[PDB]
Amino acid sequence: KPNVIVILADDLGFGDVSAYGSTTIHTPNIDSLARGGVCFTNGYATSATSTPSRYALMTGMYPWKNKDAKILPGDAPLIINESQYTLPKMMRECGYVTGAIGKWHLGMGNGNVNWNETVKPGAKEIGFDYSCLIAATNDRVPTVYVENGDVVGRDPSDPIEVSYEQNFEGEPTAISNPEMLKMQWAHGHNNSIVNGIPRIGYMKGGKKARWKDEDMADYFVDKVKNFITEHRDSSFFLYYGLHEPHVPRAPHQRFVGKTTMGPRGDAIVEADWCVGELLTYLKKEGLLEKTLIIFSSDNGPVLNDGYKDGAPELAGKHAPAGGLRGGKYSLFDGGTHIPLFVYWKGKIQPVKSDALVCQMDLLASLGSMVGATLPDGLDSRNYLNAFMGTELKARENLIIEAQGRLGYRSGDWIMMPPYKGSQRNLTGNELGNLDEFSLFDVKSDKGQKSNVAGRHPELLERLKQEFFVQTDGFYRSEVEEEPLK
């Protein structure tokens, strides 16, 4: 029973840490988990977007088995059943105090959230004893903190209303009042304005509750330190959802100019500082040697994701997906293949593993560690030994997902079905919409340059058979292209 901390960054690409040898960014605090722990070269989220990757981590279920597991608005209902087995529920029944701090994006309420009372079901009802959260994303209304289902700084004399349907009569928008903007929108992100930054969706009221983006990193770090100190004498499971480098990239003043890459780079150094502050505080509390730390990212990277923040102009030679094709929103490997480090000081011996592992496996793997009785019916597989770096093999195969489109990794091979859709979305990311069943040897062709399906017809038919069996009932040959907000 060590403490367990799952740290998720938000769109942090395979090439957005220096752990794998990048010359174009420096993430020393994050790299210390990688070098001093298990550094996974073949670590995966299930999905190339937030809500589905986070759903798979929390439930141990493939998210494409839930029709609601896609990018959620801030007023979306909770997509996990109140009765369903979850990572925090398991840890709690095995003697842990549970906390979720930072990004949520799994939904809250039952479709008519009153932001002025306790919002249920939420984190509390899926097994987090403590929560202090962003409902959806830092670019989505409501721009407030939700602590155990209550909006921080709410006020009956300035009540909060949210709509993703239309503006509140009388309320300024990015379009009505462009003079109020300190950051320009590039596409979407042109509804309500908060702290000079235009957002997705419309918000009225709660002047007191409205967050300040530049102090968000510090506010969650302080909630994390409060949680650790409150529970230092107990076994705790903390889910720490960093907002960086998700748009808007408005990091604290002290991080501005730390990089050559504008707000995007500066937000990554902000996240690295949060990780450094966590490690420092664990050392201070004397907990480092009894705390298992898992660091990862919900999905692959993106430069321009809706704001004129200089990300494409100032990227220079920086390859955020570190040589992988695509990125956020892509069915190519850069969508799901993310940094993944597992660290336990004095227990795990430093290792670089090529084991095919997925965030979805943490529920069954941690379950094995703490002696859980798992229900039947989870996708989550027990690979505890691979996660501890004791064994260098885990999965033979993994399904990957990009906004409802599915593909297949099996050993050194990726099979992508063909899908009708755009080559790129407005971000410039390649979506992985190909015209034929394609096959990539990712041992030799890391960057998925070449569809070699033609010279491997036997292997292709087999990978198609296995993919159809695992996805039947969920796989859709035609998937609606969801517009960026």
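Just count from 1 along the sequence shown to find any residue number.
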query: Comparing 297-305 with 313-321, which has the greater mean CA B-factor as deposited?
result: 313-321
field: Which of 225-233 and 172-180 has higher mean CA B factor, as the PDB entry lists it
entry: 225-233
query: Based on the PDB record, which member of 199, 103, 187, 154 exhibits the highest Cα temperature factor?
result: 154
- request: Using the temperature factors in the entry, find which of 432, 428, 454, 60 has the highest value at its Cα atom.
  value: 454
query: By the record's CA B-factor, is residue 407 among the lowest, middle or highest third of residues in the chain?
result: lowest
message: Which third, lowest, middle or highest, does the C-alpha temperature factor of residue 21 belong to within its own chain?
response: highest
task: Please rank the C-alpha B-factors of the chain's modelled residues and tell me whether residue 484 sits in the lowest, middle or highest third.
output: middle
query: If you rank the chain by CA B-factor, which third does residue 371 end up in: lowest, middle or highest?
result: highest
- prompt: Going by the entry, which third of its chain does the Cα temperature factor of residue 30 land in?
  reply: middle
